[PDB]
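K.L.:
This is the content of input33.pdb (PDB, C-alpha atoms):
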MODEL        1
ATOM      1  CA  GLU S 402     303.912 -42.610 -38.575  1.00  0.00           C
ATOM      2  CA  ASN S 403     305.154 -46.062 -37.565  1.00  0.00           C
ATOM      3  CA  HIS S 404     307.827 -45.813 -34.875  1.00  0.00           C
ATOM      4  CA  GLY S 405     307.583 -49.400 -33.806  1.00  0.00           C
ATOM      5  CA  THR S 406     306.978 -50.046 -30.122  1.00  0.00           C
ATOM      6  CA  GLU S 407     309.007 -49.347 -26.982  1.00  0.00           C
ATOM      7  CA  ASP S 408     309.107 -52.902 -25.665  1.00  0.00           C
ATOM      8  CA  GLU S 409     312.664 -53.558 -24.475  1.00  0.00           C
ATOM      9  CA  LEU S 410     311.356 -55.009 -21.214  1.00  0.00           C
ATOM     10  CA  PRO S 411     309.126 -58.102 -21.172  1.00  0.00           C
ATOM     11  CA  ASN S 412     305.717 -57.868 -19.523  1.00  0.00           C
ATOM     12  CA  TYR S 413     304.254 -60.868 -17.731  1.00  0.00           C
ATOM     13  CA  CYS S 414     300.783 -62.003 -16.707  1.00  0.00           C
ATOM     14  CA  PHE S 415     301.406 -63.499 -13.220  1.00  0.00           C
ATOM     15  CA  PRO S 416     299.361 -66.075 -11.232  1.00  0.00           C
ATOM     16  CA  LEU S 417     296.965 -65.127  -8.457  1.00  0.00           C
ATOM     17  CA  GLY S 418     299.089 -65.982  -5.423  1.00  0.00           C
ATOM     18  CA  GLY S 419     302.347 -65.310  -7.213  1.00  0.00           C
ATOM     19  CA  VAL S 420     302.842 -69.055  -7.663  1.00  0.00           C
ATOM     20  CA  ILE S 421     300.630 -72.060  -8.477  1.00  0.00           C
ATOM     21  CA  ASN S 422     302.903 -75.100  -8.941  1.00  0.00           C
ATOM     22  CA  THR S 423     304.361 -75.432  -5.440  1.00  0.00           C
ATOM     23  CA  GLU S 424     305.191 -78.946  -4.259  1.00  0.00           C
ATOM     24  CA  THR S 425     304.741 -80.605  -0.878  1.00  0.00           C
ATOM     25  CA  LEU S 426     307.803 -80.768   1.386  1.00  0.00           C
ATOM     26  CA  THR S 427     308.573 -81.899   4.937  1.00  0.00           C
ATOM     27  CA  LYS S 428     310.475 -80.001   7.643  1.00  0.00           C
ATOM     28  CA  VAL S 429     313.771 -81.752   8.446  1.00  0.00           C
ATOM     29  CA  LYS S 430     316.117 -81.000  11.368  1.00  0.00           C
ATOM     30  CA  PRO S 431     319.798 -82.023  11.611  1.00  0.00           C
ATOM     31  CA  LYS S 432     320.911 -84.872  13.831  1.00  0.00           C
ATOM     32  CA  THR S 433     322.750 -83.926  17.008  1.00  0.00           C
ATOM     33  CA  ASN S 437     326.244 -84.913   9.158  1.00  0.00           C
ATOM     34  CA  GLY S 438     322.788 -86.480   9.038  1.00  0.00           C
ATOM     35  CA  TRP S 439     319.116 -85.520   8.813  1.00  0.00           C
ATOM     36  CA  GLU S 440     315.886 -86.566  10.529  1.00  0.00           C
ATOM     37  CA  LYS S 441     312.266 -85.485  10.223  1.00  0.00           C
ATOM     38  CA  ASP S 442     311.103 -82.453  12.227  1.00  0.00           C
ATOM     39  CA  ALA S 443     307.361 -82.986  12.698  1.00  0.00           C
ATOM     40  CA  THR S 444     307.085 -81.701  16.283  1.00  0.00           C
ATOM     41  CA  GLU S 445     306.796 -77.970  15.537  1.00  0.00           C
ATOM     42  CA  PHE S 446     306.141 -77.753  11.789  1.00  0.00           C
ATOM     43  CA  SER S 447     303.584 -79.720   9.818  1.00  0.00           C
ATOM     44  CA  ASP S 448     304.573 -82.569   7.512  1.00  0.00           C
ATOM     45  CA  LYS S 449     303.110 -80.930   4.376  1.00  0.00           C
ATOM     46  CA  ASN S 450     304.414 -77.524   3.274  1.00  0.00           C
ATOM     47  CA  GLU S 451     303.836 -76.149  -0.228  1.00  0.00           C
TER      48      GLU S 451
ATOM     49  CA  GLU P 402     283.581 -38.837 -23.548  1.00  0.00           C
ATOM     50  CA  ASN P 403     283.108 -42.599 -23.553  1.00  0.00           C
ATOM     51  CA  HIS P 404     283.822 -44.180 -26.944  1.00  0.00           C
ATOM     52  CA  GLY P 405     284.294 -47.726 -25.759  1.00  0.00           C
ATOM     53  CA  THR P 406     287.581 -49.402 -26.606  1.00  0.00           C
ATOM     54  CA  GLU P 407     289.320 -50.430 -29.822  1.00  0.00           C
ATOM     55  CA  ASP P 408     289.667 -54.141 -29.039  1.00  0.00           C
ATOM     56  CA  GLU P 409     288.877 -55.837 -32.345  1.00  0.00           C
ATOM     57  CA  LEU P 410     291.947 -58.075 -32.144  1.00  0.00           C
ATOM     58  CA  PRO P 411     292.517 -60.483 -29.252  1.00  0.00           C
ATOM     59  CA  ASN P 412     295.587 -60.016 -27.067  1.00  0.00           C
ATOM     60  CA  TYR P 413     297.197 -62.995 -25.369  1.00  0.00           C
ATOM     61  CA  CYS P 414     299.596 -63.588 -22.491  1.00  0.00           C
ATOM     62  CA  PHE P 415     302.004 -66.238 -23.931  1.00  0.00           C
ATOM     63  CA  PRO P 416     304.331 -68.784 -22.232  1.00  0.00           C
ATOM     64  CA  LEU P 417     307.976 -67.921 -21.658  1.00  0.00           C
ATOM     65  CA  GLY P 418     309.307 -70.592 -24.011  1.00  0.00           C
ATOM     66  CA  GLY P 419     306.469 -70.330 -26.502  1.00  0.00           C
ATOM     67  CA  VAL P 420     304.872 -73.567 -25.302  1.00  0.00           C
ATOM     68  CA  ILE P 421     304.794 -75.533 -22.038  1.00  0.00           C
ATOM     69  CA  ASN P 422     302.435 -78.427 -22.813  1.00  0.00           C
ATOM     70  CA  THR P 423     304.641 -80.523 -25.106  1.00  0.00           C
ATOM     71  CA  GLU P 424     304.591 -84.323 -25.127  1.00  0.00           C
ATOM     72  CA  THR P 425     307.345 -86.919 -25.459  1.00  0.00           C
ATOM     73  CA  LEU P 426     307.739 -88.518 -28.895  1.00  0.00           C
ATOM     74  CA  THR P 427     310.127 -90.913 -30.637  1.00  0.00           C
ATOM     75  CA  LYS P 428     311.809 -90.563 -34.041  1.00  0.00           C
ATOM     76  CA  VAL P 429     310.427 -93.171 -36.460  1.00  0.00           C
ATOM     77  CA  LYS P 430     311.745 -94.005 -39.951  1.00  0.00           C
ATOM     78  CA  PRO P 431     309.755 -95.963 -42.571  1.00  0.00           C
ATOM     79  CA  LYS P 432     310.482 -99.538 -43.559  1.00  0.00           C
ATOM     80  CA  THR P 433     311.324-100.659 -47.085  1.00  0.00           C
ATOM     81  CA  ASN P 437     304.950 -99.676 -46.255  1.00  0.00           C
ATOM     82  CA  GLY P 438     305.794 -99.917 -42.555  1.00  0.00           C
ATOM     83  CA  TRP P 439     307.434 -97.937 -39.745  1.00  0.00           C
ATOM     84  CA  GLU P 440     310.392 -98.646 -37.461  1.00  0.00           C
ATOM     85  CA  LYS P 441     312.066 -96.834 -34.586  1.00  0.00           C
ATOM     86  CA  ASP P 442     315.003 -94.497 -35.265  1.00  0.00           C
ATOM     87  CA  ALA P 443     317.182 -94.135 -32.167  1.00  0.00           C
ATOM     88  CA  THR P 444     320.718 -94.015 -33.611  1.00  0.00           C
ATOM     89  CA  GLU P 445     321.017 -90.435 -34.864  1.00  0.00           C
ATOM     90  CA  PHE P 446     318.019 -89.085 -32.928  1.00  0.00           C
ATOM     91  CA  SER P 447     316.877 -89.504 -29.343  1.00  0.00           C
ATOM     92  CA  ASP P 448     313.690 -91.076 -27.984  1.00  0.00           C
ATOM     93  CA  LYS P 449     312.481 -88.113 -25.868  1.00  0.00           C
ATOM     94  CA  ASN P 450     311.601 -85.167 -28.118  1.00  0.00           C
ATOM     95  CA  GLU P 451     309.387 -82.490 -26.555  1.00  0.00           C
TER      96      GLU P 451
ENDMDL
END
Turn the structure described in the file into structure tokens.

P.N.:
Amino acid sequence: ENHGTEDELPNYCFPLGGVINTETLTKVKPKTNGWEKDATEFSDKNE
Amino acid sequence: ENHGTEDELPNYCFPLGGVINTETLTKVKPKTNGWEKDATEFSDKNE
């Protein structure tokens, strides 16, 4: 009795921390238009 | 009433576009034996 399957929604296998392929960024504060590096409080490498 | 599981077929979690690990190739047409690059109708970056 082949009814097919109730699969209107997609189901996903997800990574361990929710994300794997994060990239390294640097905290940047605005000049007091313009931007400069904010390394005093935050670290220079943020994934 | 432990009968094990009916898992004779493998079940896979598949990528969202079918494939993610493509490589960049270039369309090549044959000479009149030999091979030469086709870039007029086709591109040079085909995933």

K.L.:
Find the residues of chain P that sit at most 10 Å from chain S; for each, write down the nearest two atoms and how far apart they are in Å, to one decimal. Count all atoms listed in the file. Sort by chain, then by number going up, and give it as a Markdown table.

P.N.:
| residue | atom | partner | partner_atom | distance |
| --- | --- | --- | --- | --- |
| P:413 | CA | S:414 | CA | 9.4 |
| P:414 | CA | S:414 | CA | 6.1 |
| P:415 | CA | S:414 | CA | 8.5 |
| P:416 | CA | S:413 | CA | 9.1 |
| P:417 | CA | S:413 | CA | 8.9 |

K.L.:
When all Cα positions are paired in order and chain P is fitted onto chain S, what RMSD is left, to one decimal?

P.N.:
0.4 Å

K.L.:
Counting only C-alpha atoms, what is within 12 Å of residue 446 of chain S, bar same-chain residues fewer than 6 positions away, as a list in words?

P.N.:
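The contact residues come out as residues 426, 427, 428, 429 and 430 of chain S.
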
K.L.:
With C-alpha atoms retained, export the selected residues as a PDB file, in the frame of the given file.

P.N.:
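As written to disk, out.pdb reads:
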ATOM      1  CA  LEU S 426     307.803 -80.768   1.386  1.00  0.00           C
ATOM      2  CA  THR S 427     308.573 -81.899   4.937  1.00  0.00           C
ATOM      3  CA  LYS S 428     310.475 -80.001   7.643  1.00  0.00           C
ATOM      4  CA  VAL S 429     313.771 -81.752   8.446  1.00  0.00           C
ATOM      5  CA  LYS S 430     316.117 -81.000  11.368  1.00  0.00           C
TER       6      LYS S 430
END

K.L.:
Any idea what the distance is between atom CA of residue 448 of chain S and atom CA of residue 425 of chain S?

P.N.:
8.6 Å

K.L.:
Taking the file as I've supplied it (selection: the PyMOL selection byres ((chain P and resi 424) around 10)), which residues are included? Please answer as a list in words.

P.N.:
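With the shown file as input, the PyMOL selection byres ((chain P and resi 424) around 10) matches residues 421, 422, 423, 425, 426, 449, 450 and 451 of chain P.
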